[PDB]
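Take a look at the structure below.
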2 protein chains.
Amino acid sequence: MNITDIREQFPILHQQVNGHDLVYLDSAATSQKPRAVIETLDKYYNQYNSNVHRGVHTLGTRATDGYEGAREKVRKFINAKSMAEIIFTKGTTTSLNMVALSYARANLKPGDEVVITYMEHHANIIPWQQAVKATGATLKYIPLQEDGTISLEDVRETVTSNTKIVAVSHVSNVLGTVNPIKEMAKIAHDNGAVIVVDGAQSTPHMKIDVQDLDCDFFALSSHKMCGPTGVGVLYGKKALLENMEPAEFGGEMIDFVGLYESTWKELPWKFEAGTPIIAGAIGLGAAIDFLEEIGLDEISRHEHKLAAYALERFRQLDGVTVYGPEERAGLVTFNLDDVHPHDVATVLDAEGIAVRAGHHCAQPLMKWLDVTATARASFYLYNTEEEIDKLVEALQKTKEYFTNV
Amino acid sequence: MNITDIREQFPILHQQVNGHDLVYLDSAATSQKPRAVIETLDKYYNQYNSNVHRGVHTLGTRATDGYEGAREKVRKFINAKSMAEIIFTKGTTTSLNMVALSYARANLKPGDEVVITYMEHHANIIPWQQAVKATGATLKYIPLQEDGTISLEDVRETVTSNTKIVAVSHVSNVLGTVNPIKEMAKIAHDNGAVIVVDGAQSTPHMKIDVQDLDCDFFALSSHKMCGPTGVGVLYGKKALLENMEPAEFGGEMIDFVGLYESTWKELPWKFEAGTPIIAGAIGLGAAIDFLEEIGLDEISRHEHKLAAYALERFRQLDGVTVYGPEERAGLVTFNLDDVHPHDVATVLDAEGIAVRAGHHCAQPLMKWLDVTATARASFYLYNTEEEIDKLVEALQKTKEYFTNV
């Protein structure tokens with residue numbers, strides 16, 4: 001896996017910010033796109049843009065072929081059984097909302113439990129809050145270990161026979177944790193519950209096998225995996241998606257429409273109201289082709305390389321706290337002793353280094369960590385050890401600078 | 001308004017389909033994009049793609065500036081009062097669903113009436129069906145005149161003091177009708193109802209003034225107005241949007257998140273859960289700049305030119321039925337005597353001409369017209385009289401061909 005060759009594919013990387021070479025370390029907020037994706041979008045709008053699913057004229061046929069072929073690439077990419085289980089959405093937030101609306105709100109009675117965790121992104125928290133509110137059910141949290149991982153025994157004790165939904169992240173956008181999704185699916189099924197995986201931060205960086213994970217729902221976002229903004233995927237087990245009613249209504253999702261009553265389409269289109277995100281989904285398919293040609297396991301190896309490197313070099317700086325486990329994905333969330341993370345991020349951007357500062361859409365986790373805010377540096381398949389060197393050097397310079405005041 | 005100059009801006013137009021020069025006459029299903037829009041997307045992904053609203057590093061600031069500047073361009077484009085009234089969505093279908101979910105389902109009791117029309121696109125029908133189902137309210141239809149327009153007196157007789165929502169199209173994607181949205185807003189307000197305009201087919205072709213129309217909600221789609229797929233707009237009167245609860249939940253739309261309770265953001269972000277359609281909205285802003293530089297009233301004049309031309313030349317063919325009024329937008333929905341519309345569309349595509357055939361997501365209207373399917377040809381700012389000449393010549397050739405069998 002030659003990473004110079006990969007970086008030459010991303011035009012955004014080759015610029016300067018405030019006089020310094022750009023060091024983009026914020027892929028966990030959003031990733032950059034290779035020429036293959038951008039040029040897929042260009043070819044779409046230049047050559048075969050048309051509305052889909054009325055194979056009547058040639059460009060319509062070409063566009064439909066592109067869109068549904070993107071659906072098939074997504075099916076292969078996460079090892080789903082059928083394209084009917086692959087639904088295009090606006091992003092992970094919308095997919096989780098669709099499960100919360102069309103599954104939770106229809107299958108929850110008082111006394112039923114929805115269990116999540118303290119490390120969950122807001123997208124995997126608030127929909128469940130609102131659903132238990134609407135149904136009178138109960139929201140429960142799985143406690144975290146002091147290194148920010150989840151114990152299987154805490155899972156077994158928190159999920160009871162009254163649990164109908166367990167909702168959990170695959171990889172934490174803050175701690176870097178990789179959660180035991182497979183074992184947790186077994187534990188949820190033993191108690192008669194479904195399991196909903198927020199896969200927003202796992203899909204870009206590691207292979208997904210929904211058959212091996214046996215997850216009932218899986219949600220992912222294109223913009224974090226080299227794909228266009230505005231598009232993501234909901235995977236649901238076909239059997240579950242058959243009995244869920246649509247979250248949105250309109251054209252393209254109906255069969256017969258009367259004055260007062262309508263019947264829906266078969267899956268997947270039952271859950272795709274309106275003109276779909278045609279260009280965005282085709283570009284996501286291009287992103288998938290790109291990743292598969294690099295190789296997802298090679299990308300995982302690269303990220304483990306960079307994460308081990310980052311942890312070791314961060315431990316070479318005194319006065320820096322890193323949050324989370326040692327086994328992790330390619331991100332380091334941290335703080336500097338007596339320096340606010342926003343300030344760290346500002347000085348790093350003055351050095352041309354892009355990190356995030358704030359709560360990372362995980363306020364309960366921030367409270368659990370006993371901090372109000374954090375800095376985070378996130379790595380992807382275009383990032384190098386030289387860039388982490390620059391990060392830790394700038395962190396040292398920042399701490400020297402704030403000591404001399 | 002030089003239309004050769006405009007056509008040279010759309011690369012998709014300059015190709016051949018089945019040996020013939022492409023004649024794209026299906027803009028009412030979806031429009032084509034000028035270089036300015038496609039290159040706006042390219043510049044975004046090549047130079048300043050980053051997640052928005054955490055103005056922490058330079059690319060994040062550039063992307064936030066682009067996204068919110070797109071919001072401001074949309075505000076100017078439809079003469080809304082405040083950016084807080086401009087909400088980015090997936091498209092018109094989603095915007096209408098958001099009104100049906102967050103307004104209708106919270107303000108409808110049994111005995112309340114939701115009135116629509118027989119000419120409405122499915123996107124402006126089924127959400128209301130489901131909302132009156134969920135609330136026990138009543139769905140009513142405004143009857144149509146025999147030329148497919150709406151009488152103001154039929155409006156006054158159908159909307160009663162028990163009506164809370166009137167939902168109506170601005171321009172009909174099938175009949176070409178321009179509905180009296182302004183007078184209808186007055187009539188709905190006199191009865192204490194709100195008015196929801198499906199503006200999907202008016203926004204691309206004519207100026208929108210929500211202050212002059214006094215609509216309470218207005219929905220539009222970017223892909224029909226030279227913009228990227230996957231993005232549209234909901235406009236609501238700020239006062240109404242303040243009291244509506246969000247349709248989706250997650251990050252970017254919250255203020256404080258507790259274990260069980262959260263508070264929302266101010267408008268507009270209260271209604272934008274998750275990472276937004278960044279590139280799509282910026283490209284929509286580019287589309288708006290492009291149209292404004294051509295001039296919307298000039299585009300309206302061009303479409304009236306082409307529509308009058310098309311009607312006159314269609315009346316020069318015997319055995320063709322055109323549906324709808326004489327005063328219309330730039331589209332002609334029709335049928336050939338004893339030729340099925342799908343067949344017409346197929347032979348026209350063999351001539352390289354792109355039309356649609358089917359029900360055009362308006363099944364109640366099809367039943368009202370007493371037909372099962374239809375052919376439709378739709379014009380936009382890149383279409384010429386020569387292309388309509390080709391259309392009517394190919395229609396004549398089609399009818400001769402199906403007579404000689």
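Which of B:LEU13, B:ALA36, B:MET1 sits closest to the plus end of the dipole of region B:1-52, meaning its Cα is farthest towards the positive end, when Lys and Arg get +1 and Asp and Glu get -1 on the C-beta?
Farthest towards the positive end: B:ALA36.
Calculate the FRET efficiency for A:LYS397 and B:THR61 from the Cβ-Cβ distance with a Förster distance of 25 Å, rounded to the nearest 0.05.
0.65
One decimal, nm, shortest first: give the distances between the label point of B:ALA106 and those of the same position in the other copies, each label point 7 Å from Cα along Cα→Cβ.
In nanometres, ordered from closest: 2.3.
What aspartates and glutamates could a cross-link reach from B:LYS265, if we take a straight Cα to Cα line under 13 Å and drop same-chain neighbours fewer than 8 places away?
B:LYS265 reaches B:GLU242, B:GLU245, B:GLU248, B:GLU252, B:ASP255.
Looking only at region A:371-400, which residues have a backbone nitrogen under 13 Å from a spot 7 Å from the Cα of A:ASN18 in the C-beta direction?
From region A:371-400, the list is A:394-395, A:398.
May I ask for the net charge around A:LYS81, where only other residues with Cβ less than 14 Å from the Cβ of A:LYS81 are counted and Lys, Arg are +1 while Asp, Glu are -1?
Charge balance near A:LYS81 sits at -2.
Which order do B:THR4, A:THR64, A:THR177 fall in if you start with the one that has the fewest other Cβ atoms within 10 Å?
B:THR4, A:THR64, A:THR177
Dipole of region A:34-294 (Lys/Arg Cβ +1, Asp/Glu Cβ -1, origin at the Cα centre): which of A:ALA104, A:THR158, A:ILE278 lies farthest to the positive side?
A:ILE278
Only sites in a loop by DSSP and with at most 11 other Cβ atoms within 10 Å count here; which GluC sites (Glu not before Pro) in region A:223-332 make the cut?
A:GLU261, A:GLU266, A:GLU326
Note down the net charge around A:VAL233, summing +1 for each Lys or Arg and -1 for each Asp or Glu among other residues with Cβ under 13 Å from its Cβ.
Charge balance near A:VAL233 sits at +2.
Based on Cβ point charges of +1 for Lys and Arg and -1 for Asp and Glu, what charge dipole magnitude is obtained for region B:34-294 about its Cα centre, in debye rounded to the nearest 20?
Magnitude of the dipole: close to 440 debye.
Just want the ordering: B:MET1, B:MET366, from fewest to most Cβ atoms lying within 10 Å of their own Cβ.
Ordered by Cβ neighbours within 10 Å, fewest first: B:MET1, B:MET366.
Just round it to a whole percent: the fraction of Cα-Cα distances in the protein assembly as shown exceeding 52 Å.
Tail of P(r) above 52 Å: 14 percent of Cα pairs.
Given 25 °C and 0.890 mPa s, compute D for region B:358-405 with the Stokes-Einstein relation, Rh being the Kirkwood radius over Cα pairs; round to the nearest whole µm²/s.
For these conditions, the coefficient is 189 µm²/s.
Checking understanding here: applying a Kyte-Doolittle mean of at least 1.0 and a length along the axis of at least 15 Å (C-alpha), which whole DSSP H helices in chain B pass?
B:278-294
Binning at 5 angstrom from zero up to the longest distance, how are the C-alpha pair distances of region A:37-92 distributed in percent?
Going out from 0 Å in 5 Å bins, region A:37-92 shows 4, 18, 21, 24, 20, 11, 2 percent.
Got a sec? Charge dipole of the protein assembly as shown, +1 on Cβ for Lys and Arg, -1 for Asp and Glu; which of B:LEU175, A:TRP128, A:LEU391 is way out at the positive end?
So the residue we want is A:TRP128.
Over the protein assembly as shown, what is the percentage of antiparallel beta bridges among all DSSP beta bridges, to the nearest 5?
60 percent
With charges only on Cβ, +1 for K and R and -1 for D and E, what is the dipole size of the protein assembly as shown about its Cα centre, in debye, rounded to 20?
Dipole of the protein assembly as shown, to the nearest 20 debye: 820 debye.
Can you give me the orientation-averaged projected area of the convex hull built on the Cα atoms of region A:34-294, in nm²?
Seen from a random direction, the Cα hull of region A:34-294 projects 14.5 nm² on average.
Let's see if you can work this out: charge +1 on each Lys and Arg Cβ, -1 on each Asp and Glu Cβ, no other charges. What is the dipole magnitude of region A:275-316 about its Cα centre, in debye to the nearest 20?
Around 320 debye, computed over region A:275-316.
Taking the number of other C-beta atoms within 10 Å as the exposure measure, put A:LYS224, B:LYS81, B:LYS43 in order starting with the fewest.
In order of increasing Cβ crowding within 10 Å: B:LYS81, B:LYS43, A:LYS224.
At 7 Å along the Cα-to-beta-carbon direction for both A:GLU245 and B:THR321, put a label point, then send me their distance in nm to one decimal.
Inter-label distance under the simple model: 3.6 nm.
May I ask for the Kirkwood hydrodynamic radius of region A:305-405, worked out over all distinct Cα pairs and given in angstroms to one decimal?
13.8 Å
Output, in nm with one decimal and in ascending order, the distances from the A:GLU292 label point to the matching label points of the other copies (7 Å from Cα along Cα-to-Cβ).
For A:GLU292, the inter-copy label distances come out at 4.3 nm.
Take chain B, connect every pair of alpha-carbon atoms lying under 10 Å apart with a spring to form a Gaussian network, then pick out the residue of B:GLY352, B:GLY280, B:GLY19 with the largest mean-square fluctuation.
B:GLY19
For B:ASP212, place a label point 7 Å out from Cα along the Cα→Cβ vector, do the same in each other copy, and report the separations in nm, one decimal, smallest first.
6.2
Once the Cβ-Cβ distance between A:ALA350 and B:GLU72 is put in as r, and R0 is 41 Å, what FRET efficiency do you end up with, to the nearest 0.05?
After rounding, the FRET efficiency stands at 0.90.
Each value in this text was obtained by applying a stated rule to the coordinates, not by laboratory testing. FYI the Cβ positions are ideal-geometry reconstructions off the backbone, even for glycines, and counts take in every protein chain you see.
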